[PDB]
Amino acid sequence: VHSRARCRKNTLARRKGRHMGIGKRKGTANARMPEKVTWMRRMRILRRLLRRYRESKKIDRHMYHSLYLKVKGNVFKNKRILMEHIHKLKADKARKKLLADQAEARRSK
Amino acid sequence: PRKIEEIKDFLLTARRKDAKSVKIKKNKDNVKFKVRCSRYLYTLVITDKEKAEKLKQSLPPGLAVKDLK
Amino acid sequence: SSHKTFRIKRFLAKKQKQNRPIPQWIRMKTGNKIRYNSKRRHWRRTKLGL
Amino acid sequence: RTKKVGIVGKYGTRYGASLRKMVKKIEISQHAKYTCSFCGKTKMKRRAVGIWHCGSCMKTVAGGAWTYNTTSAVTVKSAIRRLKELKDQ
RNA sequence: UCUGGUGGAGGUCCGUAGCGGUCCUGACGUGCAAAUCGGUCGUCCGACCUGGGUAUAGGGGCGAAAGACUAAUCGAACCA
RNA sequence: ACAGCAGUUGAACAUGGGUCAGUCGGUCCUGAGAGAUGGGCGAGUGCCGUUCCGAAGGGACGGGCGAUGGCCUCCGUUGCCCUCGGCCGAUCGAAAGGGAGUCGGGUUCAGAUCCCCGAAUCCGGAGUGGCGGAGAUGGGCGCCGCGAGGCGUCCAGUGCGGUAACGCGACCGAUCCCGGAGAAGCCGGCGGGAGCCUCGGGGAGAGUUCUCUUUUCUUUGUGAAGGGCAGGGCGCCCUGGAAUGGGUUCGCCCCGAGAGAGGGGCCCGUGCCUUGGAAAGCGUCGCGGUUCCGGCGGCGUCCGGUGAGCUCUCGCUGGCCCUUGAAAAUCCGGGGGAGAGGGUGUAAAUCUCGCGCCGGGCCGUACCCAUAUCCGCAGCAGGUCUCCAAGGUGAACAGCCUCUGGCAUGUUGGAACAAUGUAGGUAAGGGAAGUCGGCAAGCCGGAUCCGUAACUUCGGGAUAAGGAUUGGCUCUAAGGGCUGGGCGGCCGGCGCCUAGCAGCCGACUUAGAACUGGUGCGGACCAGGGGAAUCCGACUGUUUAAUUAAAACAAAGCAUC
Ligand SMILES: [Zn+2]
């Protein structure tokens, strides 16, 4: 017999965060988790989200292209931050039409 | 091995002078009629038992028949 | 090696067949002087001319 | 990233400063992509010494060792045109 | 011009396999061994390591050069 | 007898036995090179030479002119004459280069992709056509036939479809010509597929049960060759005309020489299903005969999830090079159109389509492949080219422990534990006072967070130097994927997902905090002491195999002839 019961018990604790402190790390942060894979995974998430927003007409081509290059320029840390920024832009664009319609109404009055 | 999907084609293959034997196998879901020729073993898969018994009666005479029981 | 030529195999066949002990009745022949095969060859001790 | 070493930062300290400076100019020109005079696209790379290829129109041109056009080539081409025109007219 | 990313260059660094062989002037020194053993060491993408096949033969060859190597033989091998 | 003790043992000795191929190699091709003839040289055995000082073809579409044999109206075989024709030269050279075609199951004391069973496949031959299918069987003028459908005459027919990319089962054709494949470096980064590992369940068997554990361990297939479908790729096509430039990758990169969007086409398909196929194999539970029956029988061989995981492989796309990373046999495609076929038969020449018939000779094949089958005088701590490569820890093919498999401690054992030694440790207080000399040993060592000087060729020096943390346990926060949006549908205004909401699924980390231990925690393993200077060589590299690795040699650069 070569049971895996002991290693399975330790893996369960390790998934909770145990045996993974400063005294249990031998490789560098990059050896443990490469910065390139973290970046490449991040781009695939954020580019996929931008593509879905364009397809569902939440943002247009011109908002897609500016946001694409800002994603490449390391502006947004995660999906949640990028979602909030899009919402701020949508509010700003709506407001610019709100005061535009107000100004047109005032001038035509 | 070749799979034949028509009964008419199977009878033509069985009546070839090249054909050597017909092996009938019964499975849980289908019955397979296998004719051994020079180059290929031709298999016909039939999922209806009523048509299966008909094929046994219409098999050409003289050709060896073996039941894989 | 396993890969060998026909000429080499026939050469090894002959050395194999001549590596036998002297027959027992030879000692009984009139005027015999041979007591054992002095040309016996062991594979590990002595190597072939090939 | 660097102050002055540019492309010859791959050599570190391993050769003289002047030798790295001289090869800096040549290595920029030998790895640059030029505009193709035949198709207009900026895809004229270097295959080997003296061989320049365009990856769009698939044209191969004999050029310089590190630059696409040598100054000696331009002068000779202009001189041959003058000599040909004098012969004709 | 500055900043943060991306990128992955290099006869680049640490260091495995491999290649080599510093020091202990350690072991052994009628040895395991007519040159080996241990720890420690150099290098480890390059002028890198390596099998087979080929070419160069003795006043000749080959030599990033030590008169080095050329079948335990080299300031001209071995055989008669 | 030998295997340095023994030996009931052996790679010893003796007696027998053992290597099975069209599809695994050799055999064939050329490579670096080797090597005849012609020629030249040479007293001479001979040597140089490999296209160079040669009349270097012995073959063939086809046509003609004659003999001959036949299933002899006719065709075929054999000589002679025209036509074509560069060998850009014989020949040898690789059991790792190129090179058509075989793989499952069983079987031995020892063979096996080679024997048996089964299922395939390549090449060659078939003349006297092996059978089908294709070519290839239409149209016009009339007449008869109620009309269909037949009679006569005339004219076609070396296939067909798609705008295209190309497709379909064939789809004539010589000398000659063009092209392709064979046929190409190294490094990096991504993606697809498989194998392995992993996780959650369901079976069958086994282990533990002092207490717990619904547990822990094992096992849980579908070869080649066909057919279909995923999936991957594409500088392939059609519509169309883009700036408020857009598309898009981890990186790039792409576009009026035609982007995005839509619709097609091709290649590969080692993946899945299917024929092969469950009849076989494996697991487990039973029943027989007898040494073996591939005995017989029942049940099973199931459903999922993950991933920068490792390995192999297929792709795409880049970097480097004063380095550009074989040749030839062999096979194929195209251009051209010299020719052949038949006059309307149910026909011809022709066919790279489907099936059918026959054959594949010669040589190798056992075993070791190394702390005992090889070389070193030997069962010699030396040397000797490769392939596959599980779990845990951890950056790791590191070291340490384990499973599959293997072994018996390396040519002996028993007892004791003296000196000296070889190898491994420890040491109070000093801390190099030893010694030629810190030789030897010791200190440091991982990772995270801070902080880093002189000098400098501005690249570095740099892990400079210096400091802090590191265990266990319990939590917290952040970092993603899929589906959906007003019995079964839907003709519909009647709905509005819009600070992204609901449900479901999922792995790996990072940061912060509390608690806690005799402050112990990179707890073993792995694992840089550092600084200030002088001399030499610039650096990397090389060297006296067996006493000198260095400042010696080389090197880029400079200069000279
Ligand atoms: Zn161009």
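Heavy-atom basis, side chains included; hydrogens, waters and symmetry copies ignored. In what follows, chains are A, B, ... by sequence order, proteins preceding strands, each numbered from 1.
Judged by Watson-Crick and G-U wobble geometry, where both atom pairs must sit under 3.5 Å apart, F:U209 and F:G17 do not count as a base pair. Taking 3.5 Å as the upper bound for both contacts, F:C331 does not pair with F:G241 in Watson-Crick or G-U wobble fashion. Taken together, F:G195 and F:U248 do not qualify as a Watson-Crick or G-U wobble pair under the 3.5 Å criterion applied to both distances. Nucleotides F:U158 and F:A366 fail the pairing criterion: they make neither a Watson-Crick nor a G-U wobble pair with both donor-acceptor distances under 3.5 Å. Taking 3.5 Å as the upper bound for both contacts, F:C482 does not pair with F:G295 in Watson-Crick or G-U wobble fashion. Taken together, F:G492 and F:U404 do not qualify as a Watson-Crick or G-U wobble pair under the 3.5 Å criterion applied to both distances.
Bracketed by its first and final contacts, the part of RNA chain F lying under 4.0 Å from non-hydrogen atoms of chain C reaches from F:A11 to F:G379 in 5' to 3' order.
Distance check on atom P: F:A545 versus E:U73 gives 11 Å, rounded to whole Å.
With sequence neighbours left out, A:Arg32 forms a salt bridge (charged side-chain N to carboxylate O under 4.0 Å, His left out) with no residue at all.
Contacts between residues 12-38 of chain A and RNA chain F, defined by a heavy-atom separation under 4.0 Å, are made by A:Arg14, A:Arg15, A:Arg18, A:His19, A:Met20, A:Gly21, A:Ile22, A:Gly23, A:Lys24, A:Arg25, A:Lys26, A:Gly27, A:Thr28, A:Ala29, A:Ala31, A:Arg32, A:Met33, A:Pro34, A:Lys36, A:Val37.
Under the 6.0 Å distance and 45° angle rule, D:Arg20 does not count as a cation-pi partner of D:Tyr15.
A side chain to side chain contact (heavy atoms under 4.5 Å, CB included) with A:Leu49 holds for exactly one of A:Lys79, A:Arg44, A:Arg54; it is A:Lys79.
Between the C1' atom of E:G5 and the CZ atom of A:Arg41 lies a distance of 18 Å, rounded to the nearest Å. Rounded to whole angstrom, the span from the CZ atom of D:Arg1 across to the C1' atom of E:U1 amounts to 16 Å.
Of the nucleotides present, none pairs with F:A95 by Watson-Crick or G-U wobble criteria with both distances under 3.5 Å.
Relative orientation of the A:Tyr68 and A:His65 rings is parallel, given thresholds of 30° and 60° on the angle between their planes. Aromatic ring pairs are classed by plane angle as parallel below 30°, tilted from 30° to 60° and perpendicular above 60°; the pair D:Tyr34 and D:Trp52 is perpendicular.
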